[PDB]
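Any value given below was found using the heavy atoms of this structure, including those in side chains, with hydrogens, waters and symmetry copies removed. All residue numbers refer to positions in the sequence shown, counting from 1. As the structure lists them, so they are numbered: ligands from 1, and atoms in each ligand from 1.
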Amino acid sequence: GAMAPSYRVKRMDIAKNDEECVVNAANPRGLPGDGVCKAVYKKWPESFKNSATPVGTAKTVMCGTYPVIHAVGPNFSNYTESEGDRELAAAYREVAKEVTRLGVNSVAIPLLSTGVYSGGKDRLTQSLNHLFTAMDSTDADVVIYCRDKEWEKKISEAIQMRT
Ligand SMILES: NC(=O)c1cnccn1
Ligand SMILES: [Cl-]
Ligand SMILES: [Cl-]
């Protein structure tokens, strides 16, 4: 574990993270995809061997000794708000299990289902709160990666609020 486990946020490409492992915002079929998933495919292509996994689950594949945790959030175009919310909460619990099993002291994580799986809605608060619910009982340093300046401010505010 980290000596004083923390949350931080950075506005940059998760493929350039400074953490001991990465969470991919994966699709269920282990395809290169777009956004975070395409950047992860270009940086750690070996991690996409047998990475396919259902919605609401996480499956880790090593690229050398560097763990890539493929987490499949729901596509809110396809799910009801209720079922999508349940699967988004489940994906993050599976991420906490994997981070714990790996024994890492740090993890780089994107906000699941906030991009092309958002169903055109702002899900910053919904996705971040499910991230906190899952990761608060872990002792890894968590670094959240985002791309938008307004999102960075709102994530930073939510972290600082809890102290
Ligand atoms: N996570 C992000 O960087 C982000 C930015 N703008 C909309 C949705 N997600
Ligand atoms: Cl960058
Ligand atoms: Cl997404």
Side-chain angles (χ1 to χ4, degrees), residues 6-45 47-48 51-61 63 66 68-96 98-99 106-136 140-162:
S6 65
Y7 288 106
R8 297 167 55 231
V9 58
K10 297 207 285 170
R11 180 180 81 98
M12 54 180 282
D13 186 354
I14 199 168
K16 305 173 193 199
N17 76 77
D18 191 34
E19 288 67 60
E20 293 183 355
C21 72
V22 70
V23 173
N24 184 30
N27 58 73
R29 306 180 177 273
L31 297 162
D34 337 84
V36 161
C37 191
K38 174 49 60 62
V40 167
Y41 183 73
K42 289 193 166 159
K43 179 61 58 175
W44 303 286
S47 71
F48 288 74
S51 64
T53 198
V55 174
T57 79
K59 180 165 195 188
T60 300
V61 182
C63 174
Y66 187 81
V68 177
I69 305 169
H70 300 273
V72 186
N75 179 2
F76 277 93
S77 299
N78 296 331
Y79 284 88
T80 63
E81 286 294 328
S82 187
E83 204 69 352
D85 186 70
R86 190 186 52 73
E87 291 294 5
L88 178 54
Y92 282 116
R93 292 186 297 273
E94 300 300 310
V95 169
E98 283 296 282
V99 164
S106 67
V107 54
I109 186 156
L111 296 183
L112 302 178
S113 296
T114 62
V116 302
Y117 280 8
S118 69
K121 284 185 191 163
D122 171 355
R123 297 190 184 275
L124 193 167
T125 298
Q126 174 181 25
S127 186
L128 182 58
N129 282 341
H130 283 323
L131 189 160
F132 288 152
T133 297
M135 300 303 294
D136 277 345
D141 281 336
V142 173
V143 180
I144 301 168
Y145 286 76
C146 71
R147 294 316 285 270
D148 177 281
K149 292 167 158 177
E150 297 313 313
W151 281 49
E152 182 186 15
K153 293 184 198 157
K154 283 181 275 182
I155 303 160
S156 181
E157 290 160 358
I159 293 166
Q160 289 317 129
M161 281 298 276
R162 344 159 71 206

Minimum-distance protein heavy atom relative to atom 4 (C) of ligand 1: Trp151 CE3, 3.5 Å
Aromatic ring pairing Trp44/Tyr66, orientation class (parallel under 30°, perpendicular over 60°, tilted between): parallel
Backbone or side-chain N or O of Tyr145 under 3.5 Å from ligand 1 N or O: no
Pairing of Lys153 and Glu150 as salt bridge, 4.0 angstrom limit: yes
For atom 8 (C) of ligand 1, the protein heavy atom that lies nearest, with its residue and separation: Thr114 O, 3.1 Å
Contact summary for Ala134 and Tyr92, nearest pair of heavy atoms: CB-O, 3.3 Å
Atoms of ligand 1 close to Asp148 [distance to a heavy atom under 4.0 angstrom, numbered from 1]: 3 (O), 5 (C), 6 (N)
Region of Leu111 engaging ligand 1 - heavy atom pairs below 4.0 Å: neither
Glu152-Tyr145 side chain donor-acceptor pair, cut-off 3.5 Å: no
Aromatic centroids of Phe76 and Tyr117 separated by under 6.0 Å: no
Sub-4.0 Å atoms of ligand 1 with respect to non-hydrogen atoms of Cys146: 3 (O)
Atoms in ligand 1 flagged as close to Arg147, the criterion being non-hydrogen separation under 4.0 Å: 2 (C), 3 (O)
No-hydrogen, no-angle side-chain donor-acceptor test under 3.5 Å, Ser106 and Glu20: no
